[PDB]
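Chains as they are written, first to last, in the deposited numbering: chain R, 8 to 122; chain Q, 110 to 148; chain P, 63 to 306; chain D, 103 to 153; chain h, 14 to 62; chain V, 11 to 69; chain S, 3 to 72; chain d, 1 to 76; chain T, 6 to 69; chain W, 15 to 46.
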Amino acid sequence: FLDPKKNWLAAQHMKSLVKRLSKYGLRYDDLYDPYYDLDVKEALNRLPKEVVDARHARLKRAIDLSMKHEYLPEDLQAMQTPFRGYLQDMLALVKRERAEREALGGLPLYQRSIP
Amino acid sequence: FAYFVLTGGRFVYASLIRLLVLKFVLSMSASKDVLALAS
Amino acid sequence: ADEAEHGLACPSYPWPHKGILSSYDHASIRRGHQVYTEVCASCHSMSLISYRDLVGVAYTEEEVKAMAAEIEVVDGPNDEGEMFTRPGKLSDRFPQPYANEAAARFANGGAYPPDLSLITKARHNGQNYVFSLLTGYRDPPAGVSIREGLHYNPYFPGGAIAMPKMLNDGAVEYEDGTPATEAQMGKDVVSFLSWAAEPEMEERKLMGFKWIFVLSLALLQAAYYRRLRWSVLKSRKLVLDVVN
Amino acid sequence: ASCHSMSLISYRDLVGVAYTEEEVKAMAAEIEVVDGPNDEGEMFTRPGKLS
Amino acid sequence: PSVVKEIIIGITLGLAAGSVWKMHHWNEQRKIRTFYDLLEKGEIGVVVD
Amino acid sequence: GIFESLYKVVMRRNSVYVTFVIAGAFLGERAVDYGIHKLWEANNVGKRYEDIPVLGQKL
Amino acid sequence: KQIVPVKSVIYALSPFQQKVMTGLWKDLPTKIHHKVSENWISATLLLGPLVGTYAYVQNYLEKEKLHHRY
Amino acid sequence: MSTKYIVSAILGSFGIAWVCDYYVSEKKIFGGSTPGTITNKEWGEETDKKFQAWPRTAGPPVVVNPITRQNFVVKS
Amino acid sequence: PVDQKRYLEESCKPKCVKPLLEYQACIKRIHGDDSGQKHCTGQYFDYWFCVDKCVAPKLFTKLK
Amino acid sequence: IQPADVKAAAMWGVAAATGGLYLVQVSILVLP
Ligand code: HEC
């Protein structure tokens, strides 16, 4: 795996993602839907309230901008941290706990409801 | 101004609805060959 | 080969009934019905058009009554179970020249002269194709000698068609003194055939114009209504307590 | 059969009920029936069939 | 705002327009050349009868 | 303004508004139909059924 | 299907105090520029295979017909 | 601001120019004449059919504008 | 009763004489051959396509 | 309140009759 700092294509991809995410004022982790995985749900429950509330505020701002058909002003676009993640470590810990629980005879702590 | 724009569109819609309803009912009405055979 | 199989392509003639506001040339419809009756009804049939269809389109009602009274059709059983023939009325369809498809094919060398009611909608590029087919009885190219019993026609798929060159100069005498030539006769008969295939064209065009205009105005109203209802949402300022 | 008609009972209905197939075929071949236009376009007549 | 970019794109548009006009001129020249070529060595004459 | 005048006329009770709309639809449809008919007749002069020279000479 | 509150403060103006059909015309050049500069790549990937295949097909048909022309 | 006024005035100017043209050269509120070559309305017809074969004093009829009209005789 | 279509196509015959010349070239080749399938309907189609394209509007503006 | 109610009911009846005439234009009934 030669993604970062050694692949021109990967550098271009990172540039494009930074452009788009900062344009809407989002972060990469905010793209993780709790309804999608049910592990993101547990991670978001375990995260501190300040972090979760900031995530919700950023999501609401992004949806507002998407409705209005406009982007953040250049100032707030400059003051952006699209890849200052907050969810990957907790998500990995939750996945690891799930891994051991399934590894040695355990019921899942939560399951997706059949729709 | 808003209500008058809306009113113009509203009676356009009324015209459309009357057209459609009458088209269906008159289609279910009589036919030219029958009227010809009326003698 | 493939070129002759698909036939020489037909140009785009400027028909008088083409355009978002364009009507049939009704004098030309009358003239085309004359030429069809004179020369084309011997072999081809319509069988989907009543005499009453001509009333108010090309002939007056008394004229159509006389024309129908000219021909005689078989009417159902009388009080003895026998069959009889009575002059045609204003409701009878156009007469059929042959008893059935078998008789038609037998009279026309195995080839069946198609029903002409929907002929311009039953061919790709209908009206242009029919006009070109009628007018383009050309000398076959070099070294392509076609068999006896057919005629060369570049537009017909395969080049060999079964009907002979019918439209000739001076074939008919028009009522209104219009000089009868091959091109004029073709134009009139194709106008008549295109009317026969689509007798509702004028009403449909009028309805389409009126309703496209009216619905465009409705569209503007809809555009304004939506913008008005959404303007309390799109021009709103929210403070969220977050920066990055 | 000289006055009333059935016109809903085919000859094939009789096999296995009152007659055998050979008998029904012979009975059908007894009578004549008009048939659709031939290659010349005329309405001809042929001996009846089982159907 | 980039001055060199604006001048480059202007020169490029000028050359495109000139190329279109030159294609027109070349087609016209070919038509004239083939007409006279035939007029000497072909079926084409100029007097009607 | 004319908008405020017509509002004070026919936009204080919904029944009148409905009636006004009904009047508007009928009148506007008739006006558009007349205009389109005039346009059609202007565009297709000579081609009508009523003005063909042999309309009643077959008898 | 619960609703997550965000603790914002929202000011909104009534629809009858705003121009309703002017935002469509305010910035046409900027909006056209944004559309083109944001979607030229996607336009190339959409119309590219189509036009290329069409040109190839007409070219090959021309060659084939001229070759079979005796 | 004023684009309404400017465009309206431009269209009005075209209307006024049309009216003045119609009165001064179609009905000639100021006296004048019209050629016999344009009012006959069949002169252009023969002019075009003559571009097909233009008469000449010494020699058979000959064509004019052979290139720009693409009209010319064949093998003979 | 002179045919307007025939007269018009004769008039426009010298407009696009190039397909006609190609068709004549094939005619000469086929006359030289005199033994093959020898059709070359493609030249015929090209030439008559050009003539038909020419006689498109003039026919109806000349017709009654 | 009753006068206002009956006035409103009559107005709605007039609107309903106008809608009925619009849907079914009857000069045959209008003339007599
Ligand atoms: C008897 C002879 C006639 C007469 C007087 C006319 N037609 Fe034609 N026609 C006839 C036959 C036997 C056939 C079949 C040929 C075949 O399809 O192999 C046709 C065919 C047509 C067609 C169909 C062409 C096609 O489908 O590509 C048309 C459109 C047609 N005929 C028209 C037509 C018209 C308008 C006539 C009056 C001038 C006419 N035919 C006369 C036999 C005969």
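Idealized CB from N, CA, C, for every residue including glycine.
Does the distance from the CB of residue i to the CB of residue j come in under 9 Å?
| i | j | result |
| --- | --- | --- |
| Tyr93 of chain R | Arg34 of chain R | yes |
| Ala259 of chain P | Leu180 of chain P | yes |
| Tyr86 of chain P | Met263 of chain P | yes |
| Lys249 of chain P | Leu68 of chain T | yes |
| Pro78 of chain P | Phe50 of chain T | no |
| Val130 of chain Q | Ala35 of chain V | no |
| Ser194 of chain P | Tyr217 of chain P | yes |
| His106 of chain P | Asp154 of chain P | no |
| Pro149 of chain P | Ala61 of chain T | no |
| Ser73 of chain R | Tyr31 of chain R | yes |
| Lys63 of chain T | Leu13 of chain T | yes |
| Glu39 of chain V | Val192 of chain P | no |
| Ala224 of chain P | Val234 of chain P | no |
| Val73 of chain d | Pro19 of chain T | yes |
| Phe13 of chain V | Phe133 of chain Q | no |
| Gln118 of chain R | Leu45 of chain R | yes |
| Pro73 of chain P | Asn170 of chain P | no |
| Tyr39 of chain R | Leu98 of chain R | yes |
I want to see whether chain h comes within less than 9 Å of residue i, judged by CB atoms only; does it?
| i | result |
| --- | --- |
| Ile67 of chain d | yes |
| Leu13 of chain T | no |
| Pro19 of chain T | yes |
| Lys67 of chain T | no |
Could you tell me whether the Cβ of residue i comes closer than 9 Å to any Cβ of chain S?
| i | result |
| --- | --- |
| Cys55 of chain T | no |
For chain P, is any of its Cβ atoms less than 9 Å away from the one on residue i?
| i | result |
| --- | --- |
| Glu39 of chain V | yes |
| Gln95 of chain R | no |
| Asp141 of chain D | yes |
I'd like the span of the beta strand (DSSP E) that includes residue i, first residue to last.
| i | result |
| --- | --- |
| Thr147 of chain D | 145-149 |
| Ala14 of chain S | 11-14 |
| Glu67 of chain P | Here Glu67 of chain P belongs to no beta strand (DSSP E); instead the alpha helix (DSSP H) covers 64-68. |
| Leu300 of chain P | 298-301 |
| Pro139 of chain D | 134-139 |
Does any CB atom of chain R fall closer than 9 Å to the CB of residue i?
| i | result |
| --- | --- |
| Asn306 of chain P | yes |
| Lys296 of chain P | yes |
| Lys9 of chain S | yes |
Could you tell me whether the Cβ of residue i comes closer than 9 Å to any Cβ of chain Q?
| i | result |
| --- | --- |
| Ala35 of chain V | yes |
| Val276 of chain P | yes |
| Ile46 of chain V | no |
Would residue i pass as an interface residue toward chain V - the criterion being a Cβ-Cβ separation below 9 Å?
| i | result |
| --- | --- |
| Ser124 of chain Q | yes |
| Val121 of chain Q | yes |
| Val40 of chain W | no |
Return the first residue and the last residue of the alpha helix (DSSP H) that residue i is part of.
| i | result |
| --- | --- |
| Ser41 of chain W | 41-44 |
| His36 of chain S | 30-70 |
| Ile22 of chain h | 16-54 |
| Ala71 of chain P | No alpha helix (DSSP H) holds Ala71 of chain P; DSSP gives it neither H nor E. |
| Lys75 of chain R | 56-75 |
| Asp10 of chain R | No alpha helix (DSSP H) contains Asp10 of chain R, which DSSP labels as neither H nor E. |
| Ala123 of chain Q | 111-137 |
| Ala245 of chain P | 244-259 |
Contact criterion: CB-CB distance below 9 Å. Does residue i meet it with respect to chain d?
| i | result |
| --- | --- |
| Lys44 of chain h | yes |
Does the ligand GTP have a heavy atom nearer than 8 Å to the CB of residue i?
| i | result |
| --- | --- |
| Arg56 of chain d | The ligand GTP is not among the ligands present in this structure, which contains only the ligand HEC. |
Using a Cβ cut-off of 9 Å (strictly closer), state whether residue i contacts chain W.
| i | result |
| --- | --- |
| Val19 of chain V | no |
Does any residue of chain T have a CB that is nearer than 9 Å to the CB of residue i?
| i | result |
| --- | --- |
| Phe72 of chain d | yes |
Check your understanding: Does the count of Cβ pairs from the stretch 267-274 of chain P and the stretch 245-257 of chain P closer than 8 Å reach three?
Key -> no
Point to revise | Lining residues of the ligand HEC - beta-carbon closer than 7 Å to any non-hydrogen atom, in sequence order | key: P:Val97, P:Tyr98, P:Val101, P:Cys102, P:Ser104, P:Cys105, P:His106, P:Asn170, P:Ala173, P:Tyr174, P:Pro175, P:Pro176, P:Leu178, P:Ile181, P:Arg185, P:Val192, P:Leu195, P:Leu196, P:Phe218, P:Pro219, P:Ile223, P:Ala224, P:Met225, P:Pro226, P:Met228, P:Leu229, P:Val251, P:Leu255
Exercise for review: Would you be able to state if there are at least three C-beta pairs under 8 Å between the stretch 20-27 of chain S and the stretch 285-305 of chain P?
Suggested key: Three or more beta-carbon pairs separated by less than 8 Å link the stretch 285-305 of chain P to the stretch 20-27 of chain S, which places the two stretches in contact.
Review point. Is the stretch 43-58 of chain h touching the stretch 85-103 of chain R, taking contact as three or more C-beta pairs under 8 Å?
Key: no
Point to revise | Cβ contact (3+ pairs, closer than 8 Å) linking the stretch 157-165 of chain P and the stretch 131-151 of chain D | key: As far as the Cβ criterion goes, the stretch 157-165 of chain P touches the stretch 131-151 of chain D, which means the pair count is three or higher.
Exercise for review: Assess, as a yes-or-no matter, whether the stretch 108-123 of chain D is touched by the stretch 130-146 of chain Q under the definition of 3 or more beta carbon pairs within less than 8 Å.
Suggested key: no
Check your understanding: Given 8 Å as the limit, is there contact between the stretch 234-244 of chain P and the stretch 80-99 of chain P, that is, 3 or more CB pairs closer than that?
Key -> yes
Check your understanding: Is the stretch 35-44 of chain h in contact with the stretch 41-51 of chain d, if contact means three or more CB pairs nearer than 8 Å?
Key -> no
Review point. If you pair each beta-carbon of the stretch 198-205 of chain P with each one of the stretch 26-38 of chain T, do three or more pairs fall below 8 Å?
Key: yes
**Study point:** Touch test, the stretch 128-135 of chain P against the stretch 6-15 of chain S, Cβ-Cβ under 8 Å, three pairs minimum
**Key:** no
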